[PDB]
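Starting off, we have a lone chain in the form deposited in one PDB entry, written out as structure tokens.
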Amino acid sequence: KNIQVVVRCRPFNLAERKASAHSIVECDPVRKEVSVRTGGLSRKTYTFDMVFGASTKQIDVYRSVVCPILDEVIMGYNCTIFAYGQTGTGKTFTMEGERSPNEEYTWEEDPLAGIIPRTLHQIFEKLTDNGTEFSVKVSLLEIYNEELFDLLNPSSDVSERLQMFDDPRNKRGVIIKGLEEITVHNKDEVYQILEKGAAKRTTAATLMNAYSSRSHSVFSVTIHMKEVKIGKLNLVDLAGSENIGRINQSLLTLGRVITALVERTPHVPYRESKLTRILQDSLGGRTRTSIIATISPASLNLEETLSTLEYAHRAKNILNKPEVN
């Protein structure tokens, strides 16, 4: 199962209007092509598993990319979904989403929901209707400046840092010490567990500079089903791609890993950055993986729009082989 790479273009921000930028990016959903106008203020075309226009709705993404994958979670296969791109291109919007402000929508009925709310809701829905003894445990670890933080725990201070060591009896696996896996009774529990985590994030933005921009958010869900069956979904929200070129250790390392795998060069540097070691099976491994790439249409972001694209195209080539748990 080759890694699924899919490109998502968001509408022009007011900031791009004020930078004067015109539109350099055309998204073709049918042909699944992205075309970038490099030449002037003539074009380059790329072909991805999916292409998502500026008109893409959150549920759309959920259906095309996420639903199939969660279906493969029920079978007990581990799966990872990356969200990659330049800051402000929409990575957090995809992984999380937002509430409609003047609307009365319940978070489960809200059009603006990103992948995480949606998935969490559905697991309870589908598996209640299935009704077979499921239990859910969700942890979230953010990597900043090569340090590990557990957001989810209430009892821990925002500052405290976990320790990671190569897994015993796994080797491929890694153990993050003191990472809280907080079992979820129900969705109305989901909202609280995530909400406190958002409060911790607000505290830690003040603690660290350009936190929101340089951090990697690794969200993990582990479902226990009876019959036994175990499934694990990693929703990863990467630090902005802009720092990367054609700084961030873990991000730079992720690029190196993708490059090595596509290249076929002998050494792939899993060891170097926390993200690659934790997410090691996500890359050239037994975990089914997809990548949502994110880009801006406006001309001023062109070098970045190209960089993002170059990674995804390259990452298309990489070979994955997923297996049931």
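Residue positions are given as counts along the sequence shown, with the first one as 1. Under this definition, the rigid core comprises the largest set of C-alpha atoms superposing within 1.5 Å between the forms.
K.L.:
Find out whether the coordinates of residue 41 are absent in at least a third of the other compared PDB entries of the same protein.
P.N.:
Yes, residue 41 lacks coordinates in at least a third of the other entries compared.
K.L.:
Please check residue 121 against the other PDB entries of this protein that were compared: is it missing in at least a third of those that model both its neighbours?
P.N.:
Negative; every one of those entries includes residue 121.
K.L.:
What is the count, as a class, of unmodelled deposited residues between residue 246 and residue 247: none, 1 to 3, 4 to 9, or 10 or more?
P.N.:
Unmodelled stretch: 10 or more residues.
K.L.:
Using the PDB record, quantify the missing residues of the deposited sequence between residue 157 and residue 158 as none, 1 to 3, 4 to 9, or 10 or more.
P.N.:
Nothing is missing.
K.L.:
Please work out which of 16 to 24 and 310 to 318 has the higher mean CA B-factor as recorded in the PDB entry.
P.N.:
Mean CA B-factor is higher for 310 to 318.
K.L.:
Hey, which bit's got the bigger mean C-alpha B factor in the entry, 204 to 212 or 235 to 243?
P.N.:
Per the PDB entry, the higher value belongs to 204 to 212.
K.L.:
Based on what the PDB entry reports, which of 229, 99, 121, 91 has the top C-alpha B-factor?
P.N.:
That would be 229, according to the entry.
K.L.:
Out of 128, 170, 87, 217, whose C-alpha atom has the biggest B factor in the entry?
P.N.:
Answer for 128, 170, 87, 217: 170, with the highest C-alpha B-factor.
K.L.:
Residue 299: which third of its chain by C-alpha temperature factor?
P.N.:
Its C-alpha B-factor, which the entry lists for residue 299, ranks in the middle third among residues of this chain.
K.L.:
For residue 3, does the deposited CA B-factor place it in the lowest, middle or highest third of the chain?
P.N.:
Its C-alpha B-factor, which the entry lists for residue 3, ranks in the middle third among residues of this chain.
K.L.:
Among the chain's modelled residues, which third holds the C-alpha B-factor of residue 165?
P.N.:
It falls in the top third of the chain.
K.L.:
Quick one: classify residue 42 as lowest, middle or highest third of the chain based on its Cα B-factor.
P.N.:
Within its chain, residue 42 is a middle-third residue by C-alpha B-factor, going by the deposited values.
K.L.:
Quick check for you: using the entry's CA B-factors within this chain, is residue 176 in the lowest, middle or highest third?
P.N.:
Highest third.
Although not depicted, the form deposited in another entry is the subject of the following passage.
K.L.:
Among 69, 300, 268, 50, whose C-alpha is off by 2 Å or more between this form and the one not shown on a rigid-core fit?
P.N.:
Once the cores are aligned, the residue moving by 2 Å or more is 268.
K.L.:
With both forms fit on the core, has residue 119 moved 2 Å or more by CA between this form and the one not shown?
P.N.:
No, residue 119 moves less than 2 Å.
K.L.:
Verify the C-alpha shift of residue 287 between this form and the one not shown: is it 2 Å or more after superposing the core?
P.N.:
Superposed on the core, residue 287 moves its C-alpha 2 Å or more between this form and the one not shown.
K.L.:
Tell me whether residue 27 is among the residues that move between this form and the one not shown (Cα shift of 2 angstroms or more, core superposed).
P.N.:
Moves: no, less than 2 Å.
K.L.:
Based on a C-alpha change of 3 angstroms or more, tell me if residue 285 and residue 72 lie closer or farther in that other deposited form than in the shown form.
P.N.:
It is closer: the C-alpha separation of residue 285 and residue 72 falls by at least 3 Å in that other deposited form.
K.L.:
Is the CA-CA spacing of residue 260 and residue 79 tighter or wider in that other deposited form than here, given a 3 Å or more change?
P.N.:
Closer: residue 260 and residue 79 approach by 3 Å or more in that other deposited form.
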